[PDB]
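Below, each chain spelled out in residue letters.
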6 protein chains.
Amino acid sequence: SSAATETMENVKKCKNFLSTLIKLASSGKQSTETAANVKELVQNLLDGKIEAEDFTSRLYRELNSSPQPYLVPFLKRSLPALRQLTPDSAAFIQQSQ
Amino acid sequence: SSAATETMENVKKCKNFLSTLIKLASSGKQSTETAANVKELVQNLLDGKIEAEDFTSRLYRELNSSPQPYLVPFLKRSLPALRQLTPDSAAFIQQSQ
Amino acid sequence: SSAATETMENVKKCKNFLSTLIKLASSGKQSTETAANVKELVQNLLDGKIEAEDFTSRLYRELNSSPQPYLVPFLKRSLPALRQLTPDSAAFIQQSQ
Amino acid sequence: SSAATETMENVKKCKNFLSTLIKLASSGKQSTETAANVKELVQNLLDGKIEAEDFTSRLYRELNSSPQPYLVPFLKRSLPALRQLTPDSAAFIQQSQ
Amino acid sequence: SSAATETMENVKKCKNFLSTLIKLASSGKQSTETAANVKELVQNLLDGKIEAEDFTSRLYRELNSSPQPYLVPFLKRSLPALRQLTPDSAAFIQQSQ
Amino acid sequence: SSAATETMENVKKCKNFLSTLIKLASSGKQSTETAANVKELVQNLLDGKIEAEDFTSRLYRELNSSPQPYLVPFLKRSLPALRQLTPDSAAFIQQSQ
């Protein structure tokens, strides 16, 4: 409801989004190369090495998935806060498994 | 526009969402096991045996699909009404085929 | 922020959505038949030969993807403007490759 | 060892070949359309509606499998006997499930 | 029956094997990259740029297919003759489409 | 040519067959679960825990591959010797990677 409450909820949703991707990618119904690639996309995003548009483009290619029109703006508004909250990307990845 | 109008529109969208899943799963371009599994997820959701977060987690795994950040909150706001409107889950499934 | 600003942003997002579909479909990690089919869906949509609901239904089938509850309303609000802006659908397709 | 013994062994192998195809196709890890199509190929072959080369060509397409250079000659030498031994193709299919 | 008759039959089978691979790869149920790759394997084999063991290893990887124990020796005995018979590999490929 | 020479050649072919399966399964274009499953099939076969017919049935299911009529008899004639030659199945698997 407040801007602050909205921000915090977006952050939690975005954590859940990235951690689900890792869980899916790491499930072993998936190719070992895909899993490493999704882990690396998520880590680079979290480390600020890539930005939302390029992460989503590469993700759709990696998973052979279809585009989501609200996904980039969601990420763009959540990532600055989540990043400040997520000082160790490797540990986040490890924790999502 | 009104809260009531928004609610009704969410319900119709959510019906269309679940009925599309069934149609896709039942098309015969899909594995017979997947189809039975998606039917069972949809029925359990509609019967209140599972909730939105767990349904979506299992669905992404079943279809090997990618996460949708707005999907859980969409479902959470639509399902209470749709459920009261959908007294027979088996008939809903049957009707979506 | 203004209605006009919102409209223009929706149009750009929708261009990016359709052009990403074409890029994905044309990448050569995909079946030649799928690519031709996605190109044809996108062109028909842009030419007003099909509408948002039918385009999305057919797309989910073609790519064996999962439904997106906010996708149809997104398209419905963006397409009238994008269409007036996109007088040559073949050139749009060609440009997205 | 004798020609007669070789013939009988080829027939049993060919029964096992066609019944395995049916079992695989009917397992529900497969698309419902594929299963119906493989069942129909096997039945037509057994009923003499199609011959070995055309059956194998269509099968490779249906299962998206790779060619087997010894498969056609195997089938050609086994099928005349197996067919005389297999007066009801529907029952064979049913039995292999 | 004679060695000469056996040789000629092996050659025809091997032509049919390689031409089927091309037909399958070129059908458009397949990825554009796979098709180009299978075409290139077949051409290199026919041009003597690669030998039977390496062609089959790469093919199994490209099509994600399973190994065939009699395939290499089949190819090894057929290829020397087929190659002398097949002075233009590009035309063979073109003809198999 | 001699029975002894034929036996030794069958053994080498069968080693190459099983080691290729492991290489394919371990390439990381494959699901982590598939790889573990193919490794376990190959080890059980080599350890005499399963026999040729059951190994091939399970393999076709695991890789969603098509049946090979000459595969079981090939394995049956090769395995007794290869097994006596292959005192450590884990090391064979490890070596094929």
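Residues numbered from 1 in each chain as written, not as in the entry; some residues may be left out. Chains lettered and ligands numbered in written order. Heavy atoms only, no water.

- Looking at the method and resolution fields of the entry, one finds X-ray crystallography and 2.00 Å.

- By the naming in the PDB entry, chain A is Transcription initiation factor TFIID subunit 4, taken from Homo sapiens.
- For this structure, the PDB entry title reads "Structure of TAFH domain of the human TAF4 subunit of TFIID".

## Quick notes on the interface of chain A and chain B
By convention, interface size is frequently given as the accessible area that disappears when the constituent parts associate.
Reasoning step 1: Each partner contributes residues to the interface: chain A has 16 residues there, and chain B has 10 residues.
Reasoning step 2: When chain A packs against chain B, close to 1,100 Å² is buried across both sides, 60% of that on carbon and sulfur atoms.
Reasoning step 3: When the buried surface of chain A facing chain B is broken down by residue, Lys13(A), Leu24(A) and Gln68(A) rank first, second and third, together holding 36% of it.
Reasoning step 4: The tally of links between chain A and chain B comes to 0 salt bridges.
Reasoning step 5: Seen at the junction of chain A and chain B, the total is 4 residue pairs in polar contact.
Reasoning step 6: Those elements that place two or more of their residues in the side of chain A that touches chain B are helix 1 (3-25) and helix 4 (71-84) of chain A.
Reasoning step 7: Top element by residues in the side of chain A that touches chain B is helix 1 of chain A. It accounts for 6 residues. (Contact = heavy atoms within 4.5 Å. Buried area = accessible area lost by both parts, 1.4 Å probe. Salt bridge = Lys/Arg side-chain N within 4 Å of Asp/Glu carboxyl O. Polar contact = N/O pair within 3.5 Å; in protein donor to acceptor, adjacent residues only side chain to side chain. Helix = DSSP H or I, 4+ residues; strand = E, 2+ residues; numbered from the N terminus.)

## Some remarks on the packing of aromatic side chains
Reasoning step 1: Per the counting criterion, the structure on display carries 12 aromatic pairs over all chains.
Reasoning step 2: Both rings, one in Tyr70(D) and one in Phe74(E), keep their centres 5.6 Å apart while their planes meet at 75°; by these two values the pair is edge-to-face. Here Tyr70(D) is found in the loop between helix 3 (52-62) and helix 4 (71-84), whereas its partner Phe74(E) is found in helix 4 (residues 71-84) on a different chain.
Reasoning step 3: Grouped by ring-pair contacts, the aromatic residues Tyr70(A), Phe74(A), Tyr70(B), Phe74(B), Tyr70(C) and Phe74(C) constitute a single cluster. (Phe/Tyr/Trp six-rings, centres within 6.5 Å; stacked < 30°, edge-to-face > 60°.)

## Things to note about the relation of the copies chain E and chain C
Reasoning step 1: Once chain E has been moved 0.0 Å along the axis and rotated by 180°, it coincides with chain C to within an RMSD of 0.0 Å. In the structure described here, the two chain copies are related by an operation that fits a two-fold rotation axis. By C-alpha distance to the rotation axis, the residue of chain E lying nearest is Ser31(E), at 2.1 Å.
Reasoning step 2: A share of 100% of the interface residues of chain E reappears at the interface of chain C, consistent with the copies meeting face to face through the same patch. (Least-squares fit on C-alpha atoms.)

## Points about the relation of the copies chain A and chain B
Reasoning step 1: Mapping chain A onto chain B calls for a screw motion: a turn of 120° about the axis and a shift of 0.0 Å along it, with 0.0 Å RMSD after fitting. The superposition operator between the copies reduces to a three-fold rotation axis. It is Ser65(A) whose C-alpha, among those of chain A, lies nearest the rotation axis, at 4.2 Å.
Reasoning step 2: Comparing interface residues between copies, only 19% of those in chain A also lie at the interface in chain B; the contact surfaces differ.

## So, the packing of helix 3 (residues 52-62) of chain E against helix 4 of chain E
Residues and elements named next belong to chain E.
Reasoning step 1: Direction vectors running N to C along helix 3 and helix 4 enclose 130°, while the axes themselves pass 9 Å from each other. Relative to helix 4, the element helix 3 lies oblique. Remark: the crossing between helix 3 and helix 4 carries right-handed chirality. The residues of helix 4 that touch helix 3, namely those facing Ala 52, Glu 53, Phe 55, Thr 56 and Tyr 60, are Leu 71, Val 72, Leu 75, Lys 76 and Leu 79.
Reasoning step 2: Partitioning the contact of helix 3 with helix 4 into residue classes produces 7 nonpolar, 1 polar and 2 charged. (Axes fitted to C-alpha atoms, helices over the stretch in contact; angles between N-to-C directions. Parallel < 35°, antiparallel > 145°, perpendicular 65-115°, else oblique. Left-handed = near helix turned anticlockwise from the far one by under 90°. Nonpolar A, V, L, I, M, F, W, Y, C, P; charged D, E, K, R; others polar.)

## A look at helix 2 (residues 32-46) of chain F
Residues and elements named next belong to chain F.
Reasoning step 1: With 15 residues, helix 2 extends 21 Å between its outermost C-alpha atoms, agreeing within 8% with the 21 Å of an ideal straight helix rising 1.5 Å per residue.
Reasoning step 2: Of all the residues in helix 2, the buried ones are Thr 34, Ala 35, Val 38, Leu 41, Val 42, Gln 43, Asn 44, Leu 45 and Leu 46.
Reasoning step 3: Packing partners of the buried residues in helix 2 comprise helix 1 (3-25), helix 3 (52-62), helix 4 (71-84) and helix 5 (89-95).
Reasoning step 4: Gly 48 lies just past helix 2 and shows a positive phi near 70°. (Expected span 1.5 Å × (residues − 1). Buried < 20%, exposed > 50% of the residue type's maximum accessible area, 1.4 Å probe, protein only.)

## A word on the pattern of salt bridges
Reasoning step 1: Per the stated rule, a full pass over the model turns up 24 salt bridges over all chains.
Reasoning step 2: The closest approach of N and O atoms between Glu53(B) and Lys76(B), which form a salt bridge, is 2.6 Å. Placement of the pair is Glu53(B) in helix 3 (residues 52-62) and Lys76(B) in helix 4 (residues 71-84), with a sequence separation of 23 residues.
Reasoning step 3: Here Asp54(E) ties to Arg58(E) by a salt bridge, and the two come within 2.9 Å at their closest N and O atoms. Placement of the pair is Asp54(E) and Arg58(E) together in helix 3, with a separation of 4 residues, close to one helical turn.
Reasoning step 4: Judged by its relative accessible area of 29%, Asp54(E) falls in the partly exposed class.
Reasoning step 5: The partly exposed category is assigned to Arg58(E), whose relative accessible area is 45%.

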